[PDB]
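Novice: As input, take entry_28.cif (mmCIF, C-alpha atoms):
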data_coords
loop_
_atom_site.label_atom_id
_atom_site.label_comp_id
_atom_site.auth_asym_id
_atom_site.auth_seq_id
_atom_site.Cartn_x
_atom_site.Cartn_y
_atom_site.Cartn_z
CA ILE A 1 -26.21 -16.78 -72.15
CA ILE A 2 -29.97 -16.36 -72.38
CA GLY A 3 -31.81 -18.17 -69.62
CA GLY A 4 -29.94 -20.92 -67.80
CA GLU A 5 -28.31 -20.39 -64.44
CA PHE A 6 -25.30 -18.80 -62.83
CA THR A 7 -22.45 -21.20 -62.16
CA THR A 8 -18.86 -21.10 -61.02
CA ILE A 9 -15.67 -22.08 -62.82
CA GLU A 10 -15.56 -25.40 -60.83
CA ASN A 11 -18.48 -26.65 -62.88
CA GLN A 12 -16.79 -25.68 -66.21
CA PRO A 13 -13.06 -25.76 -65.33
CA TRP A 14 -11.87 -25.81 -68.94
CA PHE A 15 -13.47 -22.41 -69.53
CA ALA A 16 -10.99 -19.72 -70.60
CA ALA A 17 -11.74 -16.00 -70.38
CA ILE A 18 -10.05 -13.95 -73.11
CA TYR A 19 -9.41 -10.18 -72.82
CA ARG A 20 -7.70 -7.56 -74.99
CA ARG A 21 -5.42 -4.74 -73.90
CA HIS A 22 -6.42 -1.43 -75.37
CA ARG A 23 -3.99 1.11 -76.61
CA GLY A 24 -3.85 3.39 -73.61
CA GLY A 25 -4.39 0.49 -71.23
CA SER A 26 -8.04 -0.36 -70.67
CA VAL A 27 -8.73 -4.10 -70.83
CA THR A 28 -12.03 -5.52 -72.01
CA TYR A 29 -13.55 -8.91 -72.58
CA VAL A 30 -13.29 -10.42 -76.03
CA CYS A 31 -14.42 -14.03 -76.05
CA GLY A 32 -14.52 -17.37 -74.30
CA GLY A 33 -12.44 -20.44 -75.12
CA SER A 34 -11.73 -23.98 -73.82
CA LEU A 35 -8.53 -25.53 -72.42
CA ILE A 36 -7.85 -28.64 -74.56
CA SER A 37 -4.33 -29.29 -73.22
CA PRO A 38 -2.07 -27.54 -70.69
CA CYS A 39 -0.56 -25.12 -73.24
CA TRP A 40 -3.54 -24.72 -75.60
CA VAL A 41 -6.89 -22.92 -75.65
CA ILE A 42 -9.41 -23.34 -78.48
CA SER A 43 -11.76 -20.48 -79.47
CA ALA A 44 -13.33 -18.84 -82.57
CA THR A 45 -11.38 -17.01 -85.31
CA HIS A 46 -13.91 -14.21 -85.66
CA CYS A 47 -13.14 -13.04 -82.15
CA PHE A 48 -9.66 -12.04 -83.17
CA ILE A 49 -9.81 -11.27 -86.87
CA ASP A 50 -10.08 -7.54 -86.42
CA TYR A 51 -7.06 -7.50 -84.05
CA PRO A 52 -4.65 -10.37 -84.81
CA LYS A 53 -1.73 -9.25 -82.68
CA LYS A 54 -1.13 -11.90 -80.05
CA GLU A 55 0.49 -9.28 -77.82
CA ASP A 56 -2.72 -7.52 -76.93
CA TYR A 57 -4.44 -10.56 -75.43
CA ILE A 58 -4.62 -11.96 -71.93
CA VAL A 59 -6.10 -15.36 -71.11
CA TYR A 60 -7.44 -16.30 -67.66
CA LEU A 61 -8.22 -19.79 -66.46
CA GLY A 62 -10.01 -20.61 -63.19
CA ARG A 63 -11.94 -17.32 -63.42
CA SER A 64 -15.63 -17.24 -62.40
CA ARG A 65 -16.14 -13.46 -62.67
CA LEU A 66 -15.83 -11.06 -65.57
CA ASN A 67 -14.34 -7.91 -64.04
CA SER A 68 -13.06 -9.05 -60.63
CA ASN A 69 -10.54 -11.62 -59.38
CA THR A 70 -11.40 -15.26 -58.51
CA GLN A 71 -9.33 -17.17 -55.97
CA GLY A 72 -7.23 -19.76 -57.87
CA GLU A 73 -7.37 -17.98 -61.23
CA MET A 74 -4.28 -17.99 -63.43
CA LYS A 75 -3.16 -15.38 -65.92
CA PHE A 76 -1.44 -16.14 -69.25
CA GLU A 77 0.06 -14.37 -72.23
CA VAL A 78 -0.57 -15.61 -75.76
CA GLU A 79 2.62 -17.19 -77.18
CA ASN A 80 0.93 -18.11 -80.46
CA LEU A 81 -2.35 -16.82 -81.93
CA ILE A 82 -3.45 -19.19 -84.66
CA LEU A 83 -6.41 -18.13 -86.79
CA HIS A 84 -7.91 -20.31 -89.51
CA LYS A 85 -6.50 -19.15 -92.89
CA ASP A 86 -9.77 -20.13 -94.59
CA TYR A 87 -12.04 -18.20 -92.23
CA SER A 88 -14.79 -16.36 -93.99
CA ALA A 89 -18.11 -14.75 -93.30
CA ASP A 90 -21.14 -14.90 -95.63
CA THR A 91 -24.49 -13.25 -94.95
CA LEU A 92 -25.00 -15.28 -91.77
CA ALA A 93 -22.50 -18.09 -91.76
CA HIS A 94 -19.04 -17.97 -90.36
CA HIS A 95 -16.97 -20.72 -91.92
CA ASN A 96 -13.92 -22.36 -90.39
CA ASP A 97 -14.58 -20.30 -87.25
CA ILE A 98 -11.90 -21.89 -85.09
CA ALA A 99 -8.75 -20.51 -83.47
CA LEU A 100 -5.96 -21.69 -81.23
CA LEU A 101 -4.11 -19.79 -78.52
CA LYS A 102 -0.86 -21.11 -77.14
CA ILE A 103 -0.66 -19.85 -73.57
CA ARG A 104 2.15 -19.30 -71.14
CA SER A 105 2.67 -17.49 -67.90
CA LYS A 106 5.20 -14.66 -67.60
CA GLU A 107 7.07 -17.25 -65.64
CA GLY A 108 7.03 -19.57 -68.73
CA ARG A 109 4.55 -22.17 -67.39
CA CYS A 110 1.45 -23.65 -69.04
CA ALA A 111 -1.77 -24.54 -67.16
CA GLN A 112 -1.68 -26.82 -64.09
CA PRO A 113 -4.91 -28.70 -63.18
CA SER A 114 -6.63 -27.74 -59.94
CA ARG A 115 -10.08 -27.50 -58.37
CA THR A 116 -10.80 -24.65 -60.83
CA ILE A 117 -8.74 -25.59 -63.91
CA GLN A 118 -8.96 -28.77 -66.01
CA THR A 119 -8.59 -29.70 -69.67
CA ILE A 120 -11.59 -30.88 -71.71
CA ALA A 121 -11.42 -33.93 -74.00
CA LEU A 122 -11.55 -33.64 -77.78
CA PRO A 123 -13.90 -36.01 -79.58
CA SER A 124 -12.58 -38.63 -81.99
CA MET A 125 -12.57 -37.80 -85.69
CA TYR A 126 -16.21 -37.38 -86.84
CA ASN A 127 -17.55 -38.65 -83.49
CA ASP A 128 -20.52 -36.52 -82.40
CA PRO A 129 -23.48 -37.30 -80.15
CA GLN A 130 -26.88 -38.17 -81.64
CA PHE A 131 -29.26 -35.37 -82.58
CA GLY A 132 -31.67 -34.67 -79.66
CA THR A 133 -28.80 -35.05 -77.17
CA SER A 134 -28.64 -32.46 -74.37
CA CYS A 135 -25.36 -30.49 -74.18
CA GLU A 136 -24.21 -27.53 -72.08
CA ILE A 137 -22.84 -24.15 -73.10
CA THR A 138 -21.09 -21.61 -70.89
CA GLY A 139 -20.04 -18.01 -71.09
CA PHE A 140 -20.08 -14.36 -69.99
CA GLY A 141 -22.27 -13.35 -72.99
CA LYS A 142 -25.40 -11.20 -72.71
CA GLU A 143 -28.37 -12.39 -70.65
CA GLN A 144 -30.76 -10.57 -73.04
CA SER A 145 -29.96 -9.76 -76.70
CA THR A 146 -30.93 -6.13 -76.03
CA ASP A 147 -28.60 -5.66 -72.99
CA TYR A 148 -25.52 -3.43 -73.11
CA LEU A 149 -23.67 -5.02 -70.19
CA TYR A 150 -22.37 -8.53 -69.71
CA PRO A 151 -23.15 -10.49 -66.57
CA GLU A 152 -20.41 -10.35 -63.95
CA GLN A 153 -20.74 -14.03 -63.05
CA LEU A 154 -20.22 -17.00 -65.36
CA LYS A 155 -23.42 -18.59 -66.73
CA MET A 156 -24.35 -21.87 -68.33
CA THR A 157 -27.39 -23.59 -69.78
CA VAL A 158 -28.52 -26.75 -71.53
CA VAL A 159 -29.48 -26.94 -75.20
CA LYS A 160 -30.33 -29.88 -77.45
CA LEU A 161 -28.46 -30.82 -80.65
CA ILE A 162 -30.60 -30.23 -83.77
CA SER A 163 -30.39 -32.32 -86.98
CA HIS A 164 -28.84 -30.73 -90.05
CA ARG A 165 -32.08 -31.59 -91.86
CA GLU A 166 -33.97 -29.43 -89.34
CA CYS A 167 -31.43 -26.58 -89.22
CA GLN A 168 -31.26 -26.28 -92.99
CA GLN A 169 -34.96 -25.70 -93.47
CA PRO A 170 -35.51 -22.40 -95.17
CA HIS A 171 -37.29 -20.88 -92.15
CA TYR A 172 -34.30 -21.74 -89.98
CA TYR A 173 -30.96 -21.13 -91.75
CA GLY A 174 -30.94 -22.91 -95.13
CA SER A 175 -27.52 -23.47 -96.71
CA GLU A 176 -25.83 -21.06 -94.31
CA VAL A 177 -25.25 -24.10 -92.07
CA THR A 178 -22.74 -26.59 -93.49
CA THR A 179 -21.66 -30.03 -92.30
CA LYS A 180 -18.72 -28.34 -90.51
CA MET A 181 -21.24 -26.76 -88.11
CA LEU A 182 -23.71 -28.07 -85.51
CA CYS A 183 -26.99 -26.42 -84.53
CA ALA A 184 -28.31 -26.50 -80.97
CA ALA A 185 -31.26 -24.97 -79.18
CA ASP A 186 -33.94 -25.25 -76.53
CA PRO A 187 -37.03 -27.06 -77.83
CA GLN A 188 -39.21 -24.18 -76.60
CA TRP A 189 -36.62 -21.60 -77.63
CA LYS A 190 -36.21 -20.12 -74.12
CA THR A 191 -32.41 -20.40 -73.67
CA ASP A 192 -29.43 -19.83 -76.00
CA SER A 193 -25.92 -18.43 -76.53
CA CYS A 194 -25.76 -14.69 -77.29
CA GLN A 195 -23.28 -11.88 -78.03
CA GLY A 196 -20.14 -12.35 -75.92
CA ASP A 197 -20.46 -16.15 -75.72
CA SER A 198 -18.37 -16.70 -78.83
CA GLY A 199 -15.44 -19.02 -78.66
CA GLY A 200 -17.08 -20.80 -75.72
CA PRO A 201 -17.60 -24.54 -75.39
CA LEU A 202 -20.56 -26.71 -76.36
CA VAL A 203 -19.96 -29.76 -74.09
CA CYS A 204 -21.61 -33.20 -74.44
CA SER A 205 -21.03 -36.56 -72.73
CA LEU A 206 -19.26 -38.95 -75.11
CA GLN A 207 -17.69 -42.31 -74.17
CA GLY A 208 -18.18 -41.47 -70.47
CA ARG A 209 -16.27 -38.17 -70.35
CA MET A 210 -17.21 -34.51 -70.98
CA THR A 211 -16.15 -33.68 -74.56
CA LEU A 212 -15.80 -30.44 -76.58
CA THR A 213 -18.34 -31.00 -79.33
CA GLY A 214 -18.70 -27.42 -80.54
CA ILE A 215 -17.48 -23.82 -80.33
CA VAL A 216 -20.02 -20.99 -80.03
CA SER A 217 -19.97 -19.21 -83.40
CA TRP A 218 -23.07 -17.46 -84.72
CA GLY A 219 -26.82 -17.14 -85.00
CA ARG A 220 -29.69 -14.85 -85.78
CA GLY A 221 -30.75 -13.01 -82.67
CA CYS A 222 -30.69 -14.79 -79.29
CA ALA A 223 -33.36 -17.32 -78.20
CA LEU A 224 -35.67 -16.60 -81.12
CA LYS A 225 -38.04 -19.18 -82.57
CA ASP A 226 -36.58 -21.20 -85.42
CA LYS A 227 -33.16 -19.55 -85.04
CA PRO A 228 -30.85 -21.91 -83.13
CA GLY A 229 -27.25 -21.32 -82.02
CA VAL A 230 -24.66 -22.41 -84.58
CA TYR A 231 -21.41 -23.93 -83.44
CA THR A 232 -18.19 -24.92 -85.16
CA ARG A 233 -18.22 -28.73 -85.35
CA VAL A 234 -15.02 -29.71 -83.53
CA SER A 235 -14.95 -33.37 -84.60
CA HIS A 236 -14.51 -32.21 -88.24
CA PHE A 237 -11.40 -30.11 -87.40
CA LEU A 238 -9.09 -32.62 -85.69
CA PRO A 239 -6.35 -32.62 -88.36
CA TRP A 240 -6.25 -28.80 -88.26
CA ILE A 241 -6.07 -28.88 -84.45
CA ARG A 242 -3.44 -31.66 -84.37
CA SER A 243 -1.31 -30.01 -87.08
CA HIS A 244 -1.39 -26.61 -85.39
CA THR A 245 -0.72 -28.13 -81.95
CA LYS A 246 2.47 -30.08 -83.09
CA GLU A 247 6.07 -28.87 -82.77
CA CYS B 1 -24.07 -9.19 -87.63
CA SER B 2 -24.48 -12.87 -86.82
CA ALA B 3 -21.13 -13.14 -85.01
CA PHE B 4 -21.18 -14.26 -81.23
#
Could I get this file's structure written as structure tokens?
Specialist:
Amino acid sequence: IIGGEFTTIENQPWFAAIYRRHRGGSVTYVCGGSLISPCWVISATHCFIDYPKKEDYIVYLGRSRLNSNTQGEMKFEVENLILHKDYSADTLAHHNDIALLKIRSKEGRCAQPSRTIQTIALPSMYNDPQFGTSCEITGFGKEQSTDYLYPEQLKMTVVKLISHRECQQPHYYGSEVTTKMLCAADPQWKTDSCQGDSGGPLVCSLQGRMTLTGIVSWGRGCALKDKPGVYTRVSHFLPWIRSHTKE
Amino acid sequence: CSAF
């Protein structure tokens, strides 16, 4: 996250921290995600596409730090790693950039709500907030696009939803943004998602509850003029989510 | 790369 402020998991308790085991045993951070029900975390396909073995991944909930333990955190294996079969990448765009992780503890449990762990609501089919609405994004991604380290403490910031008309201008992104994506940015371009924030939530208030409106996907640079963050538009993927979350 |  570029700009914004440090926070703790209590302010974004649906945030999931996803790591991969490396052959030979080092473990490194992969991507963020969001807890949408006790057994299910939603994230971005592109995070996993290079390494689709569920076995290599570890998911933490209730975790406020990147490389040290938080009191109340919970560790899960990935029972099911579900990537979107129609994922593709064009020159800029990532299409159908959405993934599901079924989680369970070694003990066989799913997540249990606490001070530091809560689910986030899904929006109703095609129900988004109005353009110009302020939303929040969260992650362990870079604080500057040129950095080589990630911050050790969770960050978050506020961005505003941009109209498709605006985001599709040729000096922004043109046709690379489809109706299955949402753009969001700071009006003065001073804060943004960045590398390492993928899979993380874009959260907006909708019908009086915090709702998962988007998933951090892609963009040109970080916090550059006329280059907003692009997010997978969750409200257009409900059937996919429902189908892949059924028994 | 544009990928997040």
Novice: Pick from A:110, A:100, A:222, A:117: nearest to residue 2 of chain B, with all atoms listed in the file counted?
Specialist: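 Closest candidate: A:222.
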Novice: Please report, as a tab-separated table, each residue of chain A lying at most 9 Å from chain B, together with the nearest pair of atoms and the separation in Å rounded to one decimal; use all atoms listed in the file, and order rows by chain and ascending residue number.
Specialist:
residue	atom	partner	partner_atom	distance
A:31	CA	B:4	CA	8.5
A:46	CA	B:3	CA	7.3
A:47	CA	B:4	CA	8.2
A:89	CA	B:3	CA	9.0
A:91	CA	B:2	CA	8.1
A:92	CA	B:2	CA	5.5
A:93	CA	B:2	CA	7.5
A:94	CA	B:3	CA	7.5
A:141	CA	B:4	CA	8.4
A:193	CA	B:4	CA	7.9
A:194	CA	B:4	CA	6.1
A:195	CA	B:4	CA	4.5
A:196	CA	B:4	CA	5.7
A:197	CA	B:4	CA	5.9
A:198	CA	B:4	CA	4.4
A:199	CA	B:4	CA	7.9
A:216	CA	B:4	CA	6.9
A:217	CA	B:4	CA	5.5
A:218	CA	B:3	CA	4.7
A:219	CA	B:2	CA	5.2
A:220	CA	B:2	CA	5.7
A:221	CA	B:2	CA	7.5
Novice: How many Å lie between atom CA of residue 103 of chain A and atom CA of residue 73 of chain A, rounded to one decimal?
Specialist: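 Atom CA of residue 103 of chain A sits 14.2 Å away from atom CA of residue 73 of chain A.
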Novice: List the spatial neighbours of residue 122 of chain A as a PyMOL selection string - criterion: any atom at most 8 Å away, all atoms listed in the file, same-chain residues fewer than 3 positions off excluded.
Specialist: chain A and resi 36+211-213+234-235
Novice: If I take atom CA of residue 29 of chain A and atom CA of residue 177 of chain A, how far is one from the other in Å, to one decimal?
Specialist: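 These atoms are spaced 27.3 Å apart.
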Novice: Go ahead and compute the interatomic distance for atom CA of residue 206 of chain A and atom CA of residue 154 of chain A, in Å to one decimal.
Specialist: 24.0 Å
Novice: Need to verify the contact set: residue 109 of chain A, 12 Å, only C-alpha atoms, exclusion of same-chain residues closer than 5 positions in sequence. Can you return it as a ChimeraX atom specification?
Specialist: /A:38-40,74-79,102-104
Novice: Neighbouring residues of residue 190 of chain A were defined as those with any atom within 9 Å, considering only C-alpha atoms; residues of the same chain fewer than 6 positions away were excluded. Please report them as a list in words.
Specialist: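 My reading of the contact set: residues 2, 3, 4, 223, 224 and 225 of chain A.
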Novice: Name the residues captured by the PyMOL selection byres ((chain A and resi 62) around 12) when it is applied to the shown file; answer as a VMD selection string.
Specialist: chain A and resid 8 to 18 34 to 35 59 to 61 63 to 66 69 to 76 111 to 119 154
Novice: Exactly which residues make up the result of the PyMOL selection byres ((chain A and resi 185) around 9) on this file, given as a PyMOL selection string?
Specialist: chain A and resi 158-162+183-184+186-193+223+227-230
Novice: What residues come out when you apply the PyMOL selection byres ((chain A and resi 45) around 6) to this file, written as a ChimeraX atom specification?
Specialist: /A:44,46-48,83,97-99
